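**Q** Just so it is clear, I am handing over my_file_22.txt, which has compact mmCIF, N, CA and C atoms.
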# COMPACT_ATOMS: atom_id res chain seq x y z
N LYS A 1 46.55 -29.59 -50.43
CA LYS A 1 47.88 -29.16 -50.95
C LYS A 1 47.88 -29.16 -52.48
N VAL A 2 48.44 -28.11 -53.08
CA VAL A 2 48.54 -28.02 -54.53
C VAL A 2 50.01 -28.34 -54.89
N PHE A 3 50.23 -29.52 -55.46
CA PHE A 3 51.57 -29.96 -55.85
C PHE A 3 52.13 -29.20 -57.04
N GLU A 4 53.45 -29.05 -57.06
CA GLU A 4 54.11 -28.45 -58.21
C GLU A 4 54.30 -29.67 -59.11
N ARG A 5 54.29 -29.44 -60.43
CA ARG A 5 54.42 -30.52 -61.41
C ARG A 5 55.49 -31.56 -61.13
N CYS A 6 56.75 -31.14 -61.12
CA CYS A 6 57.84 -32.09 -60.90
C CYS A 6 57.87 -32.71 -59.51
N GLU A 7 57.38 -31.97 -58.52
CA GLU A 7 57.32 -32.48 -57.17
C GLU A 7 56.40 -33.71 -57.18
N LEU A 8 55.23 -33.56 -57.80
CA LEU A 8 54.28 -34.67 -57.87
C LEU A 8 54.83 -35.85 -58.68
N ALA A 9 55.52 -35.54 -59.77
CA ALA A 9 56.07 -36.56 -60.65
C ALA A 9 57.03 -37.46 -59.89
N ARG A 10 57.90 -36.84 -59.10
CA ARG A 10 58.86 -37.60 -58.31
C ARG A 10 58.18 -38.41 -57.22
N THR A 11 57.15 -37.85 -56.59
CA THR A 11 56.43 -38.53 -55.53
C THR A 11 55.73 -39.77 -56.08
N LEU A 12 55.08 -39.63 -57.23
CA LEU A 12 54.37 -40.75 -57.85
C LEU A 12 55.34 -41.89 -58.23
N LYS A 13 56.51 -41.52 -58.75
CA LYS A 13 57.48 -42.54 -59.12
C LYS A 13 57.92 -43.29 -57.87
N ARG A 14 58.10 -42.56 -56.77
CA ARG A 14 58.54 -43.17 -55.52
C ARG A 14 57.50 -44.14 -54.98
N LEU A 15 56.23 -43.84 -55.25
CA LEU A 15 55.11 -44.67 -54.83
C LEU A 15 54.81 -45.83 -55.80
N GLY A 16 55.69 -46.02 -56.79
CA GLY A 16 55.55 -47.11 -57.74
C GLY A 16 54.47 -47.02 -58.79
N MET A 17 54.19 -45.81 -59.26
CA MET A 17 53.14 -45.62 -60.26
C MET A 17 53.62 -45.77 -61.69
N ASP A 18 54.93 -45.65 -61.90
CA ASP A 18 55.46 -45.76 -63.26
C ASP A 18 55.32 -47.16 -63.83
N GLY A 19 54.44 -47.27 -64.82
CA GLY A 19 54.19 -48.55 -65.46
C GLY A 19 53.21 -49.44 -64.72
N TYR A 20 52.54 -48.90 -63.69
CA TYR A 20 51.57 -49.70 -62.94
C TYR A 20 50.43 -50.15 -63.85
N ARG A 21 50.27 -51.46 -63.98
CA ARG A 21 49.25 -52.05 -64.84
C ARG A 21 49.36 -51.48 -66.24
N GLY A 22 50.60 -51.28 -66.68
CA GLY A 22 50.86 -50.76 -68.02
C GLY A 22 50.68 -49.28 -68.25
N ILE A 23 50.45 -48.52 -67.18
CA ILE A 23 50.23 -47.08 -67.29
C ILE A 23 51.48 -46.26 -66.96
N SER A 24 52.02 -45.57 -67.96
CA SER A 24 53.22 -44.75 -67.75
C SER A 24 52.99 -43.59 -66.77
N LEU A 25 54.07 -43.12 -66.17
CA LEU A 25 54.00 -42.01 -65.23
C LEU A 25 53.37 -40.75 -65.88
N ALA A 26 53.74 -40.45 -67.13
CA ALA A 26 53.20 -39.28 -67.82
C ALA A 26 51.66 -39.31 -67.95
N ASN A 27 51.07 -40.51 -68.01
CA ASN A 27 49.61 -40.65 -68.11
C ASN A 27 48.95 -40.33 -66.78
N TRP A 28 49.58 -40.75 -65.69
CA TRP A 28 49.07 -40.46 -64.35
C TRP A 28 49.14 -38.94 -64.11
N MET A 29 50.21 -38.32 -64.58
CA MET A 29 50.39 -36.87 -64.44
C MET A 29 49.34 -36.12 -65.28
N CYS A 30 49.09 -36.60 -66.50
CA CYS A 30 48.08 -35.99 -67.36
C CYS A 30 46.71 -36.09 -66.67
N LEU A 31 46.41 -37.25 -66.07
CA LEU A 31 45.15 -37.45 -65.37
C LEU A 31 44.99 -36.48 -64.16
N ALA A 32 46.00 -36.42 -63.28
CA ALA A 32 45.95 -35.54 -62.10
C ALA A 32 45.81 -34.08 -62.48
N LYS A 33 46.48 -33.70 -63.57
CA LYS A 33 46.45 -32.34 -64.08
C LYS A 33 45.03 -31.92 -64.46
N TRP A 34 44.39 -32.72 -65.30
CA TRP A 34 43.04 -32.42 -65.75
C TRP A 34 41.96 -32.66 -64.72
N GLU A 35 42.16 -33.62 -63.83
CA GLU A 35 41.15 -33.90 -62.81
C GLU A 35 41.06 -32.86 -61.71
N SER A 36 42.20 -32.41 -61.20
CA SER A 36 42.18 -31.48 -60.08
C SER A 36 43.19 -30.35 -60.16
N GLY A 37 44.12 -30.43 -61.10
CA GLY A 37 45.15 -29.41 -61.19
C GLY A 37 46.16 -29.67 -60.08
N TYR A 38 46.37 -30.96 -59.79
CA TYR A 38 47.31 -31.41 -58.77
C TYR A 38 46.93 -30.93 -57.38
N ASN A 39 45.63 -30.76 -57.14
CA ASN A 39 45.13 -30.28 -55.84
C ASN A 39 44.50 -31.43 -55.05
N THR A 40 45.08 -31.74 -53.89
CA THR A 40 44.57 -32.84 -53.07
C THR A 40 43.25 -32.57 -52.33
N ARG A 41 42.87 -31.31 -52.17
CA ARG A 41 41.62 -31.03 -51.45
C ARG A 41 40.41 -30.84 -52.36
N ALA A 42 40.62 -30.98 -53.66
CA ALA A 42 39.54 -30.82 -54.63
C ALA A 42 38.41 -31.82 -54.44
N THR A 43 37.18 -31.30 -54.44
CA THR A 43 35.98 -32.11 -54.30
C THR A 43 34.98 -31.56 -55.30
N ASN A 44 34.19 -32.45 -55.86
CA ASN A 44 33.19 -32.05 -56.81
C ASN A 44 31.96 -32.91 -56.66
N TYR A 45 30.86 -32.25 -56.33
CA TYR A 45 29.59 -32.92 -56.15
C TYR A 45 28.89 -33.10 -57.50
N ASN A 46 28.39 -34.30 -57.75
CA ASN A 46 27.67 -34.60 -58.98
C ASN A 46 26.20 -34.67 -58.61
N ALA A 47 25.51 -33.54 -58.73
CA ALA A 47 24.09 -33.44 -58.40
C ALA A 47 23.20 -34.45 -59.13
N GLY A 48 23.61 -34.82 -60.34
CA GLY A 48 22.87 -35.75 -61.16
C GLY A 48 22.70 -37.14 -60.59
N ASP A 49 23.70 -37.65 -59.87
CA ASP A 49 23.58 -38.98 -59.29
C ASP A 49 23.90 -39.04 -57.81
N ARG A 50 24.12 -37.88 -57.19
CA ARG A 50 24.41 -37.78 -55.76
C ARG A 50 25.76 -38.37 -55.26
N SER A 51 26.73 -38.49 -56.16
CA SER A 51 28.04 -38.98 -55.77
C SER A 51 28.99 -37.79 -55.74
N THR A 52 30.15 -37.95 -55.11
CA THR A 52 31.13 -36.88 -55.03
C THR A 52 32.50 -37.45 -55.45
N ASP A 53 33.28 -36.65 -56.16
CA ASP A 53 34.63 -37.02 -56.59
C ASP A 53 35.58 -36.37 -55.59
N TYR A 54 36.54 -37.16 -55.10
CA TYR A 54 37.48 -36.70 -54.08
C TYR A 54 38.97 -36.70 -54.39
N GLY A 55 39.62 -35.58 -54.09
CA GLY A 55 41.06 -35.49 -54.22
C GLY A 55 41.74 -35.25 -55.55
N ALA A 56 43.06 -35.47 -55.52
CA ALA A 56 43.91 -35.27 -56.70
C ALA A 56 43.51 -36.07 -57.95
N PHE A 57 43.03 -37.29 -57.76
CA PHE A 57 42.63 -38.13 -58.90
C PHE A 57 41.11 -38.11 -59.08
N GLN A 58 40.42 -37.34 -58.25
CA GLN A 58 38.96 -37.23 -58.31
C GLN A 58 38.26 -38.59 -58.35
N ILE A 59 38.50 -39.38 -57.31
CA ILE A 59 37.96 -40.72 -57.15
C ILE A 59 36.52 -40.64 -56.65
N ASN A 60 35.64 -41.37 -57.31
CA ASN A 60 34.21 -41.36 -57.01
C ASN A 60 33.71 -42.17 -55.79
N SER A 61 32.79 -41.58 -55.04
CA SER A 61 32.24 -42.20 -53.83
C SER A 61 31.25 -43.34 -54.06
N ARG A 62 30.78 -43.51 -55.29
CA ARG A 62 29.84 -44.59 -55.57
C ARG A 62 30.50 -45.96 -55.61
N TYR A 63 31.73 -46.01 -56.10
CA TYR A 63 32.43 -47.29 -56.24
C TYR A 63 33.67 -47.46 -55.41
N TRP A 64 34.40 -46.37 -55.17
CA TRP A 64 35.68 -46.46 -54.50
C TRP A 64 35.89 -46.14 -53.03
N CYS A 65 35.26 -45.09 -52.53
CA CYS A 65 35.46 -44.76 -51.13
C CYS A 65 34.11 -44.51 -50.48
N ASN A 66 34.07 -44.56 -49.16
CA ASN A 66 32.83 -44.34 -48.44
C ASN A 66 32.68 -42.95 -47.83
N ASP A 67 31.59 -42.25 -48.17
CA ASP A 67 31.32 -40.95 -47.56
C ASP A 67 29.95 -41.00 -46.85
N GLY A 68 29.34 -42.18 -46.86
CA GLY A 68 28.07 -42.39 -46.17
C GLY A 68 26.77 -41.86 -46.75
N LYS A 69 26.85 -40.82 -47.58
CA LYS A 69 25.66 -40.22 -48.17
C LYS A 69 25.45 -40.54 -49.63
N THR A 70 26.26 -41.44 -50.19
CA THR A 70 26.08 -41.79 -51.60
C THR A 70 25.22 -43.06 -51.65
N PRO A 71 24.04 -43.01 -52.28
CA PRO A 71 23.15 -44.18 -52.37
C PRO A 71 23.76 -45.33 -53.17
N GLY A 72 23.51 -46.57 -52.74
CA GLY A 72 24.03 -47.75 -53.44
C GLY A 72 25.53 -47.74 -53.67
N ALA A 73 26.25 -47.18 -52.72
CA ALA A 73 27.68 -47.08 -52.86
C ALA A 73 28.43 -48.25 -52.28
N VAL A 74 29.52 -48.59 -52.95
CA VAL A 74 30.41 -49.63 -52.46
C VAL A 74 31.70 -48.89 -52.11
N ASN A 75 32.58 -49.59 -51.44
CA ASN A 75 33.82 -49.00 -51.00
C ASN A 75 34.94 -49.97 -51.35
N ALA A 76 35.25 -50.09 -52.64
CA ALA A 76 36.28 -51.01 -53.12
C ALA A 76 37.67 -50.73 -52.59
N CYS A 77 37.99 -49.48 -52.32
CA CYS A 77 39.31 -49.18 -51.78
C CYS A 77 39.34 -49.38 -50.28
N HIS A 78 38.17 -49.61 -49.69
CA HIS A 78 38.02 -49.79 -48.25
C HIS A 78 38.63 -48.61 -47.51
N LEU A 79 38.20 -47.41 -47.89
CA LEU A 79 38.68 -46.17 -47.30
C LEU A 79 37.57 -45.17 -47.13
N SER A 80 37.74 -44.28 -46.16
CA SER A 80 36.80 -43.20 -45.95
C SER A 80 37.21 -42.22 -47.07
N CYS A 81 36.26 -41.55 -47.71
CA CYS A 81 36.61 -40.60 -48.75
C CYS A 81 37.48 -39.49 -48.18
N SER A 82 37.40 -39.30 -46.87
CA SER A 82 38.20 -38.30 -46.16
C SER A 82 39.72 -38.54 -46.38
N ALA A 83 40.12 -39.80 -46.49
CA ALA A 83 41.52 -40.17 -46.69
C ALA A 83 42.09 -39.65 -48.01
N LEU A 84 41.20 -39.41 -48.96
CA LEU A 84 41.59 -38.92 -50.27
C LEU A 84 41.73 -37.40 -50.32
N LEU A 85 41.62 -36.75 -49.17
CA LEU A 85 41.74 -35.30 -49.11
C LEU A 85 42.97 -34.87 -48.30
N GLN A 86 43.79 -35.82 -47.89
CA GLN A 86 45.00 -35.52 -47.11
C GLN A 86 46.08 -34.91 -48.00
N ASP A 87 47.11 -34.32 -47.39
CA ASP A 87 48.20 -33.75 -48.19
C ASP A 87 49.12 -34.92 -48.60
N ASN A 88 49.19 -35.93 -47.74
CA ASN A 88 50.01 -37.08 -48.04
C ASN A 88 49.15 -37.91 -48.98
N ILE A 89 49.59 -38.03 -50.23
CA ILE A 89 48.85 -38.76 -51.25
C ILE A 89 48.95 -40.29 -51.26
N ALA A 90 49.64 -40.88 -50.29
CA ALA A 90 49.82 -42.34 -50.24
C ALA A 90 48.53 -43.14 -50.35
N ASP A 91 47.51 -42.77 -49.57
CA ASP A 91 46.22 -43.49 -49.62
C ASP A 91 45.51 -43.31 -50.96
N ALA A 92 45.52 -42.08 -51.49
CA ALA A 92 44.89 -41.80 -52.79
C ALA A 92 45.57 -42.61 -53.91
N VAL A 93 46.89 -42.77 -53.79
CA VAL A 93 47.65 -43.55 -54.77
C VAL A 93 47.29 -45.03 -54.70
N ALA A 94 47.16 -45.56 -53.49
CA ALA A 94 46.79 -46.96 -53.31
C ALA A 94 45.37 -47.21 -53.87
N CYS A 95 44.48 -46.23 -53.73
CA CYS A 95 43.12 -46.37 -54.25
C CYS A 95 43.09 -46.24 -55.77
N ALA A 96 43.92 -45.34 -56.31
CA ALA A 96 44.02 -45.17 -57.75
C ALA A 96 44.50 -46.49 -58.38
N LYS A 97 45.46 -47.16 -57.73
CA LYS A 97 45.97 -48.45 -58.22
C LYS A 97 44.84 -49.48 -58.27
N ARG A 98 43.97 -49.44 -57.26
CA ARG A 98 42.82 -50.34 -57.18
C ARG A 98 41.87 -50.08 -58.36
N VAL A 99 41.59 -48.82 -58.65
CA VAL A 99 40.69 -48.47 -59.75
C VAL A 99 41.15 -49.07 -61.08
N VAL A 100 42.44 -48.92 -61.39
CA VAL A 100 42.97 -49.43 -62.66
C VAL A 100 43.17 -50.93 -62.73
N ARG A 101 42.88 -51.62 -61.63
CA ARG A 101 42.99 -53.07 -61.58
C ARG A 101 41.72 -53.68 -62.21
N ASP A 102 40.72 -52.83 -62.47
CA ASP A 102 39.48 -53.25 -63.11
C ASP A 102 39.76 -53.30 -64.62
N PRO A 103 38.93 -54.01 -65.40
CA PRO A 103 39.16 -54.10 -66.85
C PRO A 103 39.38 -52.81 -67.64
N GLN A 104 38.68 -51.75 -67.28
CA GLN A 104 38.83 -50.46 -67.97
C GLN A 104 40.21 -49.82 -67.86
N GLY A 105 40.87 -50.08 -66.74
CA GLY A 105 42.18 -49.49 -66.52
C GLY A 105 42.03 -48.00 -66.36
N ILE A 106 42.95 -47.27 -66.99
CA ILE A 106 43.00 -45.81 -66.95
C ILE A 106 41.77 -45.16 -67.62
N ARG A 107 41.08 -45.92 -68.47
CA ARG A 107 39.90 -45.44 -69.18
C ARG A 107 38.72 -45.19 -68.26
N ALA A 108 38.84 -45.60 -67.00
CA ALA A 108 37.77 -45.40 -66.04
C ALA A 108 37.45 -43.90 -65.85
N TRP A 109 38.43 -43.04 -66.12
CA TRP A 109 38.24 -41.59 -65.99
C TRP A 109 37.99 -41.00 -67.36
N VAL A 110 36.81 -40.43 -67.56
CA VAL A 110 36.46 -39.84 -68.85
C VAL A 110 37.43 -38.75 -69.27
N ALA A 111 37.92 -37.96 -68.31
CA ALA A 111 38.87 -36.89 -68.61
C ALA A 111 40.15 -37.44 -69.26
N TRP A 112 40.58 -38.64 -68.88
CA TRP A 112 41.78 -39.22 -69.48
C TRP A 112 41.54 -39.44 -70.99
N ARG A 113 40.37 -39.94 -71.35
CA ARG A 113 40.02 -40.18 -72.75
C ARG A 113 39.96 -38.88 -73.55
N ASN A 114 39.42 -37.84 -72.94
CA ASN A 114 39.26 -36.53 -73.58
C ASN A 114 40.54 -35.74 -73.73
N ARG A 115 41.34 -35.71 -72.65
CA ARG A 115 42.56 -34.91 -72.63
C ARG A 115 43.91 -35.58 -72.72
N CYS A 116 43.96 -36.90 -72.60
CA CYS A 116 45.26 -37.60 -72.58
C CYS A 116 45.47 -38.71 -73.60
N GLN A 117 44.44 -39.51 -73.81
CA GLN A 117 44.52 -40.61 -74.75
C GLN A 117 44.98 -40.14 -76.14
N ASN A 118 45.92 -40.88 -76.73
CA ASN A 118 46.43 -40.59 -78.08
C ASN A 118 47.10 -39.25 -78.24
N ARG A 119 47.52 -38.64 -77.14
CA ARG A 119 48.18 -37.36 -77.23
C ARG A 119 49.63 -37.50 -76.77
N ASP A 120 50.42 -36.47 -77.03
CA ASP A 120 51.83 -36.43 -76.63
C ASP A 120 51.83 -35.99 -75.16
N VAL A 121 51.97 -36.94 -74.25
CA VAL A 121 51.96 -36.62 -72.83
C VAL A 121 53.35 -36.39 -72.19
N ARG A 122 54.40 -36.38 -73.01
CA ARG A 122 55.76 -36.19 -72.50
C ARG A 122 55.93 -34.91 -71.70
N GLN A 123 55.24 -33.86 -72.14
CA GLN A 123 55.31 -32.57 -71.47
C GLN A 123 55.03 -32.60 -69.96
N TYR A 124 54.22 -33.54 -69.51
CA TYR A 124 53.89 -33.62 -68.09
C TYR A 124 55.05 -34.07 -67.19
N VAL A 125 56.03 -34.79 -67.74
CA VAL A 125 57.17 -35.26 -66.95
C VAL A 125 58.54 -34.69 -67.36
N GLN A 126 58.58 -33.93 -68.45
CA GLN A 126 59.84 -33.38 -68.91
C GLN A 126 60.52 -32.42 -67.95
N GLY A 127 61.78 -32.74 -67.68
CA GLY A 127 62.61 -31.94 -66.80
C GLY A 127 62.48 -32.23 -65.32
N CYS A 128 61.66 -33.21 -64.96
CA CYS A 128 61.44 -33.54 -63.57
C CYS A 128 62.42 -34.54 -62.99
N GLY A 129 63.26 -35.14 -63.84
CA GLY A 129 64.23 -36.11 -63.37
C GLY A 129 63.68 -37.48 -63.03
N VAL A 130 62.61 -37.89 -63.70
CA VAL A 130 62.02 -39.20 -63.44
C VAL A 130 62.11 -40.09 -64.68
When written as structure tokens, how does the structure in this file appear?

**A**
Amino acid sequence: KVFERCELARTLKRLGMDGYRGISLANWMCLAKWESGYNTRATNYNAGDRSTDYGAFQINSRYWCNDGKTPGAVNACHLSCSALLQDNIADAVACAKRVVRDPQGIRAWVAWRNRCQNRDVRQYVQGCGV
């Protein structure tokens, strides 16, 4: 499913993402935007290390979810990577919360550093009523 901007913004707020571990809702929106374009079925294979990024937040199979074919992989979210491809983003949100519970926080995603850090992210939530 490809979410519309404000639709996703409201859903994330309902799931308690606003201010989670100090991360504002606009930052989560900036991350989803650049990672997948708000697309829950997005997958990207990383030929260089044999891991795959899954879903709206592009969560990696080496550390977060299990897809069975990633070498030396752990499953910190204790989920099948398949769960991160559903239209209902509840599981992907719970796993995203787990990722930011690590010391790096939101910095765990390189795209956040490149496209969101130190920038005016208000545009991602403006007019959505959140």

**Q** When DSSP works through the backbone of this structure, what residues of chain A end up as strand (DSSP E or B), shown as a PyMOL selection string?

**A** chain A and resi 2+20+23+39+43-46+51-54+59-60+66+80

**Q** For a quick check of your reading of the model, name the residues lying within 12 Å of the coordinate (52.3, -36.6, -48.1), counting only C-alpha atoms, and write them as a ChimeraX atom specification.

**A** /A:1-3,7-8,11-12,14-15,40,83-93

**Q** With all atoms of range 70-76 of chain A from the file as input, state the centre and edge lengths in Å to one decimal of the axis-aligned box that has 3 Å extra on each side, as lines of an AutoDock Vina configuration file.

**A**
center_x = 30.4
center_y = -46.2
center_z = -51.9
size_x = 20.5
size_y = 15.6
size_z = 9.5

**Q** What's around range 16-30 of chain A at 7 Å? Count all atoms listed in the file, leave out sequence neighbours fewer than 6 positions away in its own chain, and write the answer as a ChimeraX atom specification.

**A** /A:9,100,112,115-116,121-122,124-125

**Q** What would the file look like if the residues just selected were written as a compact mmCIF listing (two decimals), keeping the file's coordinate frame with N, CA and C atoms?

**A**
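To be explicit, this is the file written out as part37.txt:
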# COMPACT_ATOMS: atom_id res chain seq x y z
N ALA A 9 55.52 -35.54 -59.77
CA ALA A 9 56.07 -36.56 -60.65
C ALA A 9 57.03 -37.46 -59.89
N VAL A 100 42.44 -48.92 -61.39
CA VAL A 100 42.97 -49.43 -62.66
C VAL A 100 43.17 -50.93 -62.73
N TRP A 112 40.58 -38.64 -68.88
CA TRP A 112 41.78 -39.22 -69.48
C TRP A 112 41.54 -39.44 -70.99
N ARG A 115 41.34 -35.71 -72.65
CA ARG A 115 42.56 -34.91 -72.63
C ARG A 115 43.91 -35.58 -72.72
N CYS A 116 43.96 -36.90 -72.60
CA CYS A 116 45.26 -37.60 -72.58
C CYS A 116 45.47 -38.71 -73.60
N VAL A 121 51.97 -36.94 -74.25
CA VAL A 121 51.96 -36.62 -72.83
C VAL A 121 53.35 -36.39 -72.19
N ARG A 122 54.40 -36.38 -73.01
CA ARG A 122 55.76 -36.19 -72.50
C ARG A 122 55.93 -34.91 -71.70
N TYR A 124 54.22 -33.54 -69.51
CA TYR A 124 53.89 -33.62 -68.09
C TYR A 124 55.05 -34.07 -67.19
N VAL A 125 56.03 -34.79 -67.74
CA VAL A 125 57.17 -35.26 -66.95
C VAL A 125 58.54 -34.69 -67.36

**Q** Let me make sure I understand: among A:53, A:126, A:35, A:42, which one has the smallest atom-to-atom distance to residue 111 in chain A if we use only N, CA and C atoms?

**A**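 Smallest separation from residue 111 in chain A among the options: A:35.
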